[PDB]
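Note sheet for the following structure.
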Amino acid sequence: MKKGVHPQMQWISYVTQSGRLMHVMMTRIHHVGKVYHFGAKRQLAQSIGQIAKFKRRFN
Amino acid sequence: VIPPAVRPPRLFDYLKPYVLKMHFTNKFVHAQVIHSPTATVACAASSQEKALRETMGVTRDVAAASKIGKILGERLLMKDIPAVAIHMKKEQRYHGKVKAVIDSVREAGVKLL
Amino acid sequence: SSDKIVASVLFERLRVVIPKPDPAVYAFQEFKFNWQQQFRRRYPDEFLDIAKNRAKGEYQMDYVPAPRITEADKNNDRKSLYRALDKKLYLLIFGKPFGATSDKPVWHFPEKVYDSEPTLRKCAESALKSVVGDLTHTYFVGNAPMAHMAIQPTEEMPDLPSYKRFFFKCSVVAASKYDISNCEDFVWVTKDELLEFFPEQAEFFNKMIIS
Amino acid sequence: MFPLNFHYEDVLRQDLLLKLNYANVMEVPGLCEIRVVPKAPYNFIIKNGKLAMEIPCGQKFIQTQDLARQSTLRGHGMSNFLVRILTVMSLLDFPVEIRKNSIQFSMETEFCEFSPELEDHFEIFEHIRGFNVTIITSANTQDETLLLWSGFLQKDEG
Amino acid sequence: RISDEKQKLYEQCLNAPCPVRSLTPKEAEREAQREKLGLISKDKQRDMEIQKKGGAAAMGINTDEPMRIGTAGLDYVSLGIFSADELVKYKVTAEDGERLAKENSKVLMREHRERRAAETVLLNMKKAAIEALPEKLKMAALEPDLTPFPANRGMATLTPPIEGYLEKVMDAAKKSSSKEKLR
RNA sequence: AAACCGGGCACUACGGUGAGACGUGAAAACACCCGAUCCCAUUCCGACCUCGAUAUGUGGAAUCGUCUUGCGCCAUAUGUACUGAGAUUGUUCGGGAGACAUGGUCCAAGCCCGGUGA
Ligand SMILES: [Mg+2]
């Protein structure tokens, strides 16, 4: 790595969905390091079929 | 591309028969002075030698190569070779261990041709 | 003639947490980060004020991490998949193995004598099935045995027939509790505790289990 | 010390020895480099395109003759980048493609939308098509690469 | 649209200064010759502007107080991986740097050699185990395993999982995904 | 001490340069496996090179061997083309390819340092 050429780095903390802590490096864009929690934001989308749409009405 | 075979430097006016060749491994350092007409080893100094591999701790680094260069320069000056001509291989530049050996020989007092 | 080979299973729980690093390694990593910070571009405070303008107070919830030392560790509670987090745990049962030195129970791994299966693989999943009931939270690795032990008669014991024992490897996927049957007793022990329980096979299991 | 390479050395190497036929312990595939290259139609001029590459990579890119931009990541920087992308991978179902010895991933703006550290300063990454991320492995077989990626992609959901 | 003041900020970020300006000795002599002639480059002007308002310490660099790995209150001592007595003390200098690098190289080399030797013994023993089998039982066990790894096996990290966390997150996710969203 | 083995220089296309299969790391040697703090490397990156580290792991990449072989290279035909001198309007005397065909990939071998032998 050359000198005077790359951005500065910073340490931030990750918390997994089970509460596990993990330390990583990241390009310094904040004053102090933070802790980011991960959720279950999977956001899976489903669409109903035509026979399902028919049965939702005419039964 | 196909790399062509290396030739020794061209004869111009005078012979200059003593050629200094260096070699470095993972464990030791070696330096040789070759007499070109007879294809023999006029002089040698290496950290693999029986009288040298126990008198120094580290046998592989820049300090070891500098000590080997100093020993080789004093051996050449007592075997009466006042000047040597340096040969550099395919990947050697004037840097690090090569630089240490050359500067140690020059400070020992051998002229460089 | 030479037959009645047995398939045993090595049931493991992997490490939950990372072991303690070497202090020299930790010191060098910290020093390397702090030294390399000197020669790198420092972003302006107007650029960091984009995130400083996004400074706010929510319903504050403070995060407290779980301790690496567990109540099972400090109470020496065996039969638990919550103790010895930074090491590996291995399943040992208590009962009668195929060896018939005596009637008395002795610690051993789950196993089965091979009769008609295509694979000792298929023998070993049945051998683990007969112990833990079901095979949903397990992962068997490899179609080949990780080690073998050939038992021959010696001068003190000429009665048992010659037989081989082949070890296969299986891992806990997600469960922290199991219904262990077809045995008197069970335990979750480490490599060193396994060597303490087995004085006679320590040389073999030291090479077979990687610490 | 670090979770990703520690997990590789302690869990995946033994199981990859046991699962396949190997003559030596040096024949096990590993992890070489990560190559990130921006998607084709872009501006070459705006500072957003340069900053939106410098920020998630952590190192300066190369701009060759201005028609090509590239960053290559090796070592602990590559490990930090990989453990970031594998953690943010668990919030969606991003598709990847397994080649003969490497993994291809598509770094869209919908990735940095879900990156929790890049929720702020999002106007840098807005109006950017995205990047192409390459993960080079020392794998002889596409099935070795598939096994290695299935080992590395872990979550606590399911 | 796209603010030109915002782009003027981003060019400052891309040309951001450094706490200490390192010069190759082939460039330091060019700088000294320029200073003899009386010419000041713009980067040297920015450096002297830095040094008349402070310096390396003004941008959070200290040699006596190193910045620890991790965020505030979540360092290795706070988590309990290390005690405060088994931490090696140093400063941010080159003299500590050589010694720390050499010790790190020795320790990492020995650990790597131990892991490779253990794997070699295990592989040799597996190769010996496959050859003491009957014929069809051996041809069955020469087949490579190509079943992918389970996605539900965990990965090691610095903290064991909280007991009342994962099920809570699942319950919140299913309470959100309950009912249907209006179109 | 005289043989053998490893490294460097020197000799060389029958000694070159590719491909395949089988092996080999001698208590020694070579290389890899590990790291990027100073030197150096990168118009980004320890990829290449460089600098440090390795009571013993591996010969997966290279390096050493053994055979099979493909181009080359060396040696040699038989015949023809062509050609020097000479006019029986070339009836004589000389030279002799290319492409085919046949075989080989030899023999000999110097200096220094280290190890086993001693
Ligand atoms: Mg001919």
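Residue numbering restarts at 1 in every chain; chains get A, B, ... in the order shown in the structure tokens, and ligands count up from 1 in that same order.
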For chain C, which residues have at least one atom within 7 Å of chain D, if we go by only C-alpha atoms? Write them as a VMD selection string, please.
chain C and resid 21 50 to 51 141 to 142
Emit the selected residues as a compact mmCIF listing (two decimals), in the first residue's frame, including N, CA and C atoms.
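The file below, out_3.txt, is the result:
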```
# COMPACT_ATOMS: atom_id res chain seq x y z
N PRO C 21 -6.83 -14.79 20.86
CA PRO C 21 -5.67 -14.69 19.98
C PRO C 21 -4.39 -14.51 20.78
N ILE C 50 -22.78 15.59 7.22
CA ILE C 50 -23.98 14.97 6.66
C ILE C 50 -24.54 13.94 7.64
N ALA C 51 -23.65 13.14 8.24
CA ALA C 51 -24.08 12.19 9.26
C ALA C 51 -24.22 12.84 10.63
N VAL C 141 -20.53 -35.74 7.18
CA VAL C 141 -19.55 -35.30 6.19
C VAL C 141 -18.79 -36.50 5.66
N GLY C 142 -18.60 -36.51 4.34
CA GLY C 142 -17.80 -37.52 3.70
C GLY C 142 -18.47 -38.86 3.51
```
Within 12 Å of residue 3 in chain F, counting only C-alpha atoms (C1' of nucleotides), which residues show up once you throw out same-chain ones fewer than 2 positions away? Write them as a PyMOL selection string, please.
chain F and resi 1+5+116-118
Given only C-alpha atoms, how would the per-residue table for chain C near chain E read, listing every residue at most 8 Å away with its closest atom pair and distance in Å to one decimal, sorted by chain and number, as CSV?
```
residue,atom,partner,partner_atom,distance
C:15,CA,E:156,CA,6.4
C:16,CA,E:156,CA,5.2
C:17,CA,E:156,CA,4.7
C:18,CA,E:157,CA,5.5
C:20,CA,E:81,CA,5.9
C:22,CA,E:107,CA,8.0
C:23,CA,E:87,CA,6.0
C:24,CA,E:104,CA,5.8
C:25,CA,E:104,CA,5.3
C:27,CA,E:88,CA,6.2
C:28,CA,E:100,CA,5.5
C:30,CA,E:69,CA,6.3
C:31,CA,E:92,CA,6.6
C:34,CA,E:66,CA,6.6
C:35,CA,E:92,CA,6.2
C:37,CA,E:61,CA,7.9
C:38,CA,E:19,CA,5.6
C:39,CA,E:18,CA,5.9
C:40,CA,E:18,CA,5.5
C:41,CA,E:18,CA,4.8
C:42,CA,E:16,CA,5.7
C:43,CA,E:13,CA,5.4
C:44,CA,E:13,CA,6.4
C:46,CA,E:9,CA,7.8
C:47,CA,E:9,CA,7.1
C:65,CA,E:159,CA,6.6
C:66,CA,E:162,CA,5.7
C:67,CA,E:159,CA,7.0
C:68,CA,E:160,CA,6.4
C:85,CA,E:160,CA,7.7
C:118,CA,E:137,CA,6.9
C:119,CA,E:137,CA,6.1
C:120,CA,E:137,CA,7.6
C:139,CA,E:150,CA,7.5
C:141,CA,E:145,CA,7.8
C:142,CA,E:145,CA,5.7
C:143,CA,E:141,CA,5.2
C:144,CA,E:141,CA,4.9
C:145,CA,E:129,CA,6.5
C:146,CA,E:126,CA,4.8
C:147,CA,E:129,CA,5.3
C:148,CA,E:129,CA,5.1
C:166,CA,E:129,CA,7.6
C:172,CA,E:153,CA,7.8
C:173,CA,E:153,CA,4.9
C:174,CA,E:153,CA,6.1
C:207,CA,E:122,CA,6.7
C:208,CA,E:122,CA,6.3
C:210,CA,E:118,CA,6.4
```
Proximal residues of chain F relative to chain A (only C-alpha atoms (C1' of nucleotides); 12 Å) as a list in words
residues 36, 40, 41, 42, 44, 45 and 46 of chain F
Show me which residues line ligand 1, defined as having an atom within 10 Å of a ligand atom where only C-alpha atoms (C1' of nucleotides) and all ligand atoms count, and present them as a PyMOL selection string.
chain F and resi 76-77+97-100
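Among F:115, F:20, F:35, F:6, the residue with the shortest atom-to-atom distance to chain C, counting only C-alpha atoms (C1' of nucleotides), is F:35.
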From chain B, collect each residue whose DSSP state is alpha helix (DSSP H) and return the set as a PDB file with N, CA and C atoms, in the first residue's frame.
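Result went into result-v7.pdb, see below:
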```
ATOM      1  N   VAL B  62      20.600  -8.771   5.035  1.00  0.00           N
ATOM      2  CA  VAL B  62      21.440  -7.739   4.436  1.00  0.00           C
ATOM      3  C   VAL B  62      22.733  -7.564   5.223  1.00  0.00           C
ATOM      4  N   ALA B  63      22.657  -7.643   6.553  1.00  0.00           N
ATOM      5  CA  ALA B  63      23.865  -7.580   7.370  1.00  0.00           C
ATOM      6  C   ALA B  63      24.796  -8.758   7.103  1.00  0.00           C
ATOM      7  N   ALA B  64      24.238  -9.960   6.936  1.00  0.00           N
ATOM      8  CA  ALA B  64      25.057 -11.122   6.613  1.00  0.00           C
ATOM      9  C   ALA B  64      25.712 -10.979   5.249  1.00  0.00           C
ATOM     10  N   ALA B  65      24.967 -10.478   4.259  1.00  0.00           N
ATOM     11  CA  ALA B  65      25.548 -10.252   2.939  1.00  0.00           C
ATOM     12  C   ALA B  65      26.636  -9.184   2.973  1.00  0.00           C
ATOM     13  N   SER B  66      26.477  -8.155   3.805  1.00  0.00           N
ATOM     14  CA  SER B  66      27.521  -7.148   3.950  1.00  0.00           C
ATOM     15  C   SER B  66      28.777  -7.699   4.613  1.00  0.00           C
ATOM     16  N   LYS B  67      28.625  -8.541   5.639  1.00  0.00           N
ATOM     17  CA  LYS B  67      29.789  -9.189   6.240  1.00  0.00           C
ATOM     18  C   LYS B  67      30.506 -10.079   5.234  1.00  0.00           C
ATOM     19  N   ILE B  68      29.738 -10.820   4.431  1.00  0.00           N
ATOM     20  CA  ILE B  68      30.321 -11.690   3.414  1.00  0.00           C
ATOM     21  C   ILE B  68      31.073 -10.871   2.372  1.00  0.00           C
ATOM     22  N   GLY B  69      30.519  -9.720   1.986  1.00  0.00           N
ATOM     23  CA  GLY B  69      31.219  -8.836   1.070  1.00  0.00           C
ATOM     24  C   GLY B  69      32.520  -8.294   1.624  1.00  0.00           C
ATOM     25  N   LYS B  70      32.530  -7.921   2.907  1.00  0.00           N
ATOM     26  CA  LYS B  70      33.763  -7.452   3.543  1.00  0.00           C
ATOM     27  C   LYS B  70      34.827  -8.548   3.591  1.00  0.00           C
ATOM     28  N   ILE B  71      34.422  -9.772   3.944  1.00  0.00           N
ATOM     29  CA  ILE B  71      35.352 -10.899   3.985  1.00  0.00           C
ATOM     30  C   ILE B  71      35.913 -11.187   2.597  1.00  0.00           C
ATOM     31  N   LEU B  72      35.053 -11.166   1.576  1.00  0.00           N
ATOM     32  CA  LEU B  72      35.499 -11.413   0.209  1.00  0.00           C
ATOM     33  C   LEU B  72      36.445 -10.329  -0.285  1.00  0.00           C
ATOM     34  N   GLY B  73      36.194  -9.073   0.079  1.00  0.00           N
ATOM     35  CA  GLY B  73      37.104  -8.005  -0.308  1.00  0.00           C
ATOM     36  C   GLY B  73      38.477  -8.145   0.319  1.00  0.00           C
ATOM     37  N   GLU B  74      38.526  -8.518   1.599  1.00  0.00           N
ATOM     38  CA  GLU B  74      39.828  -8.722   2.227  1.00  0.00           C
ATOM     39  C   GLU B  74      40.547  -9.952   1.682  1.00  0.00           C
ATOM     40  N   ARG B  75      39.803 -11.009   1.343  1.00  0.00           N
ATOM     41  CA  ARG B  75      40.413 -12.175   0.709  1.00  0.00           C
ATOM     42  C   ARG B  75      40.972 -11.848  -0.669  1.00  0.00           C
ATOM     43  N   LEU B  76      40.261 -11.035  -1.452  1.00  0.00           N
ATOM     44  CA  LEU B  76      40.781 -10.604  -2.744  1.00  0.00           C
ATOM     45  C   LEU B  76      42.021  -9.735  -2.591  1.00  0.00           C
ATOM     46  N   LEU B  77      42.030  -8.837  -1.607  1.00  0.00           N
ATOM     47  CA  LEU B  77      43.197  -7.986  -1.428  1.00  0.00           C
ATOM     48  C   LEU B  77      44.402  -8.754  -0.905  1.00  0.00           C
ATOM     49  N   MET B  78      44.200  -9.878  -0.215  1.00  0.00           N
ATOM     50  CA  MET B  78      45.370 -10.672   0.149  1.00  0.00           C
ATOM     51  C   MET B  78      45.750 -11.695  -0.913  1.00  0.00           C
ATOM     52  N   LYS B  97      20.439  -6.803  -0.877  1.00  0.00           N
ATOM     53  CA  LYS B  97      21.591  -7.657  -0.629  1.00  0.00           C
ATOM     54  C   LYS B  97      22.683  -7.482  -1.680  1.00  0.00           C
ATOM     55  N   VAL B  98      22.301  -7.288  -2.946  1.00  0.00           N
ATOM     56  CA  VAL B  98      23.265  -6.992  -4.005  1.00  0.00           C
ATOM     57  C   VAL B  98      24.003  -5.698  -3.705  1.00  0.00           C
ATOM     58  N   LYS B  99      23.261  -4.670  -3.295  1.00  0.00           N
ATOM     59  CA  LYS B  99      23.844  -3.390  -2.920  1.00  0.00           C
ATOM     60  C   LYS B  99      24.779  -3.528  -1.731  1.00  0.00           C
ATOM     61  N   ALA B 100      24.389  -4.332  -0.738  1.00  0.00           N
ATOM     62  CA  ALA B 100      25.229  -4.546   0.435  1.00  0.00           C
ATOM     63  C   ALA B 100      26.544  -5.208   0.065  1.00  0.00           C
ATOM     64  N   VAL B 101      26.495  -6.236  -0.785  1.00  0.00           N
ATOM     65  CA  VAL B 101      27.714  -6.934  -1.185  1.00  0.00           C
ATOM     66  C   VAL B 101      28.636  -6.009  -1.972  1.00  0.00           C
ATOM     67  N   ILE B 102      28.078  -5.250  -2.924  1.00  0.00           N
ATOM     68  CA  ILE B 102      28.900  -4.384  -3.766  1.00  0.00           C
ATOM     69  C   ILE B 102      29.532  -3.267  -2.946  1.00  0.00           C
ATOM     70  N   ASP B 103      28.754  -2.630  -2.066  1.00  0.00           N
ATOM     71  CA  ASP B 103      29.307  -1.554  -1.253  1.00  0.00           C
ATOM     72  C   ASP B 103      30.312  -2.067  -0.235  1.00  0.00           C
ATOM     73  N   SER B 104      30.108  -3.275   0.295  1.00  0.00           N
ATOM     74  CA  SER B 104      31.085  -3.845   1.212  1.00  0.00           C
ATOM     75  C   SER B 104      32.404  -4.136   0.514  1.00  0.00           C
ATOM     76  N   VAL B 105      32.354  -4.660  -0.715  1.00  0.00           N
ATOM     77  CA  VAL B 105      33.585  -4.916  -1.459  1.00  0.00           C
ATOM     78  C   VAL B 105      34.301  -3.607  -1.781  1.00  0.00           C
ATOM     79  N   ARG B 106      33.548  -2.589  -2.206  1.00  0.00           N
ATOM     80  CA  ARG B 106      34.159  -1.305  -2.540  1.00  0.00           C
ATOM     81  C   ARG B 106      34.785  -0.646  -1.315  1.00  0.00           C
ATOM     82  N   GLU B 107      34.139  -0.755  -0.152  1.00  0.00           N
ATOM     83  CA  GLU B 107      34.733  -0.202   1.063  1.00  0.00           C
ATOM     84  C   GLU B 107      35.905  -1.042   1.550  1.00  0.00           C
ATOM     85  N   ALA B 108      35.916  -2.338   1.238  1.00  0.00           N
ATOM     86  CA  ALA B 108      37.096  -3.148   1.516  1.00  0.00           C
ATOM     87  C   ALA B 108      38.287  -2.688   0.693  1.00  0.00           C
TER      88      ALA B 108
END
```
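Here CA of residue 187 in chain C and CA of residue 107 in chain C stand 9.5 Å from one another.
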Spatial neighbours of residue 30 in chain F, max dist 10 Å, only C-alpha atoms (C1' of nucleotides), sep filter under 2 positions, as JSON, numbers by chain
{"B": [25, 26], "F": [6, 7, 25, 63, 64]}
Give me the chain D side of the contact with chain A, cut-off 12 Å, one line per residue showing its nearest atom pair and distance in Å at one decimal, counting only C-alpha atoms, sorted by chain and residue number, as a tab-separated table.
```
residue	atom	partner	partner_atom	distance
D:1	CA	A:23	CA	10.6
D:2	CA	A:23	CA	8.5
D:3	CA	A:22	CA	7.9
D:4	CA	A:22	CA	10.5
D:51	CA	A:7	CA	10.5
D:52	CA	A:27	CA	11.3
D:53	CA	A:27	CA	11.1
D:54	CA	A:7	CA	7.7
D:55	CA	A:27	CA	5.8
D:56	CA	A:27	CA	7.1
D:57	CA	A:27	CA	8.0
D:58	CA	A:27	CA	5.5
D:59	CA	A:6	CA	5.2
D:60	CA	A:6	CA	5.5
D:61	CA	A:6	CA	9.3
D:62	CA	A:5	CA	11.7
D:73	CA	A:1	CA	11.2
D:74	CA	A:1	CA	10.9
D:75	CA	A:1	CA	11.6
D:76	CA	A:25	CA	9.8
D:77	CA	A:25	CA	8.5
D:78	CA	A:25	CA	11.0
D:79	CA	A:24	CA	9.6
D:80	CA	A:24	CA	6.3
D:81	CA	A:25	CA	8.6
D:82	CA	A:24	CA	10.5
D:83	CA	A:24	CA	8.0
D:84	CA	A:24	CA	7.8
D:85	CA	A:24	CA	11.5
D:86	CA	A:16	CA	11.5
D:87	CA	A:16	CA	8.0
D:88	CA	A:38	CA	8.5
D:89	CA	A:42	CA	10.0
D:90	CA	A:42	CA	7.9
D:91	CA	A:42	CA	5.0
D:92	CA	A:42	CA	5.1
D:93	CA	A:42	CA	7.9
D:94	CA	A:42	CA	10.8
D:114	CA	A:41	CA	9.2
D:115	CA	A:36	CA	9.8
D:116	CA	A:36	CA	6.6
D:117	CA	A:36	CA	7.4
D:118	CA	A:29	CA	9.6
D:119	CA	A:36	CA	11.0
D:120	CA	A:29	CA	9.5
D:121	CA	A:29	CA	8.7
D:122	CA	A:29	CA	11.9
D:154	CA	A:16	CA	11.5
D:155	CA	A:17	CA	8.9
D:156	CA	A:18	CA	7.0
D:157	CA	A:17	CA	8.4
D:158	CA	A:40	CA	10.9
```
Need to verify the contact set: residue 15 in chain F, 12 Å, only C-alpha atoms (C1' of nucleotides), exclusion of same-chain residues closer than 2 positions in sequence. Can you return it as a PyMOL selection string?
chain F and resi 11-13+73-74+105-109
Give the residues of chain A that lie within 6 Å of chain E; count only C-alpha atoms, and format the answer as a PDB file with N, CA, C and O atoms, in the first residue's frame.
```pdb
ATOM      1  N   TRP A  11     -13.427   1.636  12.584  1.00  0.00           N
ATOM      2  CA  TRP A  11     -13.920   0.378  13.131  1.00  0.00           C
ATOM      3  C   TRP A  11     -15.395   0.511  13.472  1.00  0.00           C
ATOM      4  O   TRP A  11     -15.786   1.436  14.187  1.00  0.00           O
ATOM      5  N   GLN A  17     -28.584 -11.291  13.648  1.00  0.00           N
ATOM      6  CA  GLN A  17     -29.940 -11.562  14.109  1.00  0.00           C
ATOM      7  C   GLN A  17     -29.998 -12.381  15.395  1.00  0.00           C
ATOM      8  O   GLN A  17     -31.012 -12.327  16.095  1.00  0.00           O
ATOM      9  N   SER A  18     -28.955 -13.145  15.718  1.00  0.00           N
ATOM     10  CA  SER A  18     -28.906 -13.896  16.965  1.00  0.00           C
ATOM     11  C   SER A  18     -28.220 -13.144  18.095  1.00  0.00           C
ATOM     12  O   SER A  18     -28.058 -13.707  19.179  1.00  0.00           O
ATOM     13  N   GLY A  19     -27.822 -11.897  17.879  1.00  0.00           N
ATOM     14  CA  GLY A  19     -27.140 -11.135  18.901  1.00  0.00           C
ATOM     15  C   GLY A  19     -25.637 -11.277  18.916  1.00  0.00           C
ATOM     16  O   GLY A  19     -24.990 -10.731  19.816  1.00  0.00           O
ATOM     17  N   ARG A  20     -25.065 -11.993  17.955  1.00  0.00           N
ATOM     18  CA  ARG A  20     -23.624 -12.160  17.869  1.00  0.00           C
ATOM     19  C   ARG A  20     -22.958 -10.856  17.444  1.00  0.00           C
ATOM     20  O   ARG A  20     -23.412 -10.200  16.503  1.00  0.00           O
ATOM     21  N   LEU A  21     -21.876 -10.485  18.127  1.00  0.00           N
ATOM     22  CA  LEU A  21     -21.139  -9.270  17.814  1.00  0.00           C
ATOM     23  C   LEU A  21     -19.977  -9.589  16.888  1.00  0.00           C
ATOM     24  O   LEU A  21     -19.372 -10.657  16.981  1.00  0.00           O
ATOM     25  N   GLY A  33     -17.363   5.439  15.593  1.00  0.00           N
ATOM     26  CA  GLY A  33     -17.900   4.177  15.136  1.00  0.00           C
ATOM     27  C   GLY A  33     -19.218   3.837  15.808  1.00  0.00           C
ATOM     28  O   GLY A  33     -19.491   4.228  16.941  1.00  0.00           O
TER      29      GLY A  33
END
```
Within 12 Å of chain F, which residues of chain B are there when counting only C-alpha atoms (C1' of nucleotides)? Please give them as a PDB file with C-alpha atoms, in the first residue's frame.
```pdb
ATOM      1  CA  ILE B   2      11.105 -15.955 -26.554  1.00  0.00           C
ATOM      2  CA  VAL B  19      34.066 -11.449 -12.721  1.00  0.00           C
ATOM      3  CA  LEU B  20      32.065 -11.101  -9.494  1.00  0.00           C
ATOM      4  CA  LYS B  21      28.854 -13.164  -9.395  1.00  0.00           C
ATOM      5  CA  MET B  22      26.405 -13.199  -6.484  1.00  0.00           C
ATOM      6  CA  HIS B  23      23.755 -15.656  -5.324  1.00  0.00           C
ATOM      7  CA  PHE B  24      21.202 -15.548  -2.507  1.00  0.00           C
ATOM      8  CA  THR B  25      19.007 -18.317  -1.095  1.00  0.00           C
ATOM      9  CA  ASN B  26      16.479 -18.628   1.720  1.00  0.00           C
ATOM     10  CA  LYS B  27      19.162 -19.616   4.239  1.00  0.00           C
ATOM     11  CA  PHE B  28      22.610 -18.431   3.079  1.00  0.00           C
ATOM     12  CA  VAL B  29      24.417 -15.950   0.822  1.00  0.00           C
ATOM     13  CA  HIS B  30      27.219 -16.719  -1.648  1.00  0.00           C
ATOM     14  CA  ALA B  31      29.632 -14.596  -3.678  1.00  0.00           C
ATOM     15  CA  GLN B  32      32.205 -15.809  -6.210  1.00  0.00           C
ATOM     16  CA  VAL B  33      35.004 -14.244  -8.243  1.00  0.00           C
ATOM     17  CA  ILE B  34      35.591 -16.225 -11.444  1.00  0.00           C
ATOM     18  CA  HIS B  35      38.676 -16.179 -13.679  1.00  0.00           C
ATOM     19  CA  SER B  36      37.247 -16.034 -17.195  1.00  0.00           C
ATOM     20  CA  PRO B  37      40.067 -17.628 -19.310  1.00  0.00           C
ATOM     21  CA  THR B  38      40.411 -20.743 -17.113  1.00  0.00           C
ATOM     22  CA  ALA B  39      36.687 -20.834 -16.054  1.00  0.00           C
ATOM     23  CA  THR B  40      37.816 -21.438 -12.475  1.00  0.00           C
ATOM     24  CA  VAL B  41      36.816 -19.946  -9.158  1.00  0.00           C
ATOM     25  CA  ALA B  42      39.579 -17.555  -8.158  1.00  0.00           C
ATOM     26  CA  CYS B  43      37.928 -16.568  -4.883  1.00  0.00           C
ATOM     27  CA  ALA B  44      34.777 -17.251  -2.903  1.00  0.00           C
ATOM     28  CA  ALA B  45      32.987 -16.206   0.257  1.00  0.00           C
ATOM     29  CA  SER B  46      29.716 -17.626   1.521  1.00  0.00           C
ATOM     30  CA  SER B  47      27.827 -17.909   4.774  1.00  0.00           C
ATOM     31  CA  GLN B  48      27.632 -21.679   4.246  1.00  0.00           C
ATOM     32  CA  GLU B  49      31.332 -22.079   5.037  1.00  0.00           C
ATOM     33  CA  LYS B  50      32.548 -24.089   8.016  1.00  0.00           C
ATOM     34  CA  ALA B  51      34.547 -21.159   9.365  1.00  0.00           C
ATOM     35  CA  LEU B  52      31.715 -18.662   8.864  1.00  0.00           C
ATOM     36  CA  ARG B  53      28.316 -20.274   9.482  1.00  0.00           C
ATOM     37  CA  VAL B  58      21.784 -14.604  11.002  1.00  0.00           C
ATOM     38  CA  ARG B  60      20.535 -14.759   5.301  1.00  0.00           C
ATOM     39  CA  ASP B  61      19.884 -11.015   5.605  1.00  0.00           C
ATOM     40  CA  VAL B  62      21.440  -7.739   4.436  1.00  0.00           C
ATOM     41  CA  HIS B  87      27.995  -9.370 -13.291  1.00  0.00           C
ATOM     42  CA  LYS B  90      18.299 -11.767 -14.662  1.00  0.00           C
ATOM     43  CA  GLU B  91      16.479 -10.347 -11.620  1.00  0.00           C
ATOM     44  CA  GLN B  92      19.191  -8.559  -9.618  1.00  0.00           C
ATOM     45  CA  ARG B  93      19.166  -4.774  -9.312  1.00  0.00           C
ATOM     46  CA  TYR B  94      21.382  -2.463  -7.265  1.00  0.00           C
ATOM     47  CA  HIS B  95      19.202  -2.874  -4.205  1.00  0.00           C
ATOM     48  CA  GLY B  96      19.235  -4.708  -0.901  1.00  0.00           C
ATOM     49  CA  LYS B  97      21.591  -7.657  -0.629  1.00  0.00           C
ATOM     50  CA  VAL B  98      23.265  -6.992  -4.005  1.00  0.00           C
ATOM     51  CA  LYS B  99      23.844  -3.390  -2.920  1.00  0.00           C
ATOM     52  CA  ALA B 100      25.229  -4.546   0.435  1.00  0.00           C
TER      53      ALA B 100
END
```
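Atom pair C1' of residue 84 in chain F / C1' of residue 96 in chain F has a distance of 11.7 Å (rounded to one decimal).
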